[PDB]
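Reading through the structure tokens given below for one structure.
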Amino acid sequence: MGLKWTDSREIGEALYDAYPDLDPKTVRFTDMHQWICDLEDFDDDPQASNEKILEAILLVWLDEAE
């Protein structure tokens with residue numbers, strides 16, 4: 001039981017927490033999925049990263065970062 005796809009907010013905060021130096025506008029779904037799948041705390045499904053799944057996480061990263 002780690003970071004879950006539906007739990008995009010906790011993930012968004014995780015991303016901004018670990019990567020406050022990175023701008024979520026320049027971060028694409030691909031790039032984000034690399035780091036989010038690289039997360040040691042991440043534990044759900046590495047393949048079911050639906051676009052809107054990654055998008056929700058990207059959008060919340062935008063929300064937190066700015």
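Virtual Cβ from ideal backbone geometry, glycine too; neighbours counted across all protein chains shown. What follows is calculated from the coordinates using simple rules that are stated; it is not laboratory data.
Here is a yes/no grid of residues against (1) closer than 20 Å to residue 1 by Cα; (2) of a type in the set (A, V, I, L, M); (3) in a helix (DSSP H, G or I); (4) in contact with a strand residue (DSSP E or B) (Cβ under 8 Å, 6 or more places away or on another chain):
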{"residue": "16", "(1), (2), (3), (4)": "no, no, yes, no"}
{"residue": "23", "(1), (2), (3), (4)": "no, no, no, no"}
{"residue": "27", "(1), (2), (3), (4)": "no, yes, no, no"}
{"residue": "30", "(1), (2), (3), (4)": "no, no, yes, no"}
{"residue": "33", "(1), (2), (3), (4)": "yes, no, yes, no"}
{"residue": "37", "(1), (2), (3), (4)": "yes, no, yes, no"}
{"residue": "46", "(1), (2), (3), (4)": "yes, no, no, no"}
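Residues of region 11-22 being surrounded by 12 or more Cβ atoms within 10 Å (Cβ to Cβ) and more than 21 Å from residue 46 (Cα to Cα), which ones?
Residues of region 11-22 surrounded by 12 or more Cβ atoms within 10 Å (Cβ to Cβ): 11-16, 18-19, 22.
The one that is surrounded by 12 or more Cβ atoms within 10 Å (Cβ to Cβ) and more than 21 Å from residue 46 (Cα to Cα): 22.
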* Asked: Is there any pair linking a residue in region 43-66 that is among the hydrophobic types (A, V, I, L, M, F, W, C) to one that is surrounded by fewer than 18 Cβ atoms within 10 Å (Cβ to Cβ) and assigned to a helix (DSSP H, G or I), with Cβ under 8 Å and at least six apart or on different chains, and which?
  -> 54/29; 54/33; 58/29; 60/9; 60/13
* Structure fact -> Quick count over region 7-49, residues being farther than 12 Å from residue 61 by Cβ and aromatic (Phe, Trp, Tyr), is 1
* Structure fact -> Restricted to region 42-63 and to residues being among the charged types (D, E, K, R) and loosely packed, with under 14 Cβ neighbours inside 10 Å, the residue nearest to residue 20 (Cα to Cα) is 63
* What number of residues in region 23-41 are touching a residue at least 24 places away in the same chain (Cβ under 8 Å), touching a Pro at 6+ places or on another chain (Cβ under 9 Å) and surrounded by fewer than 15 Cβ atoms within 10 Å (Cβ to Cβ)? -> 0
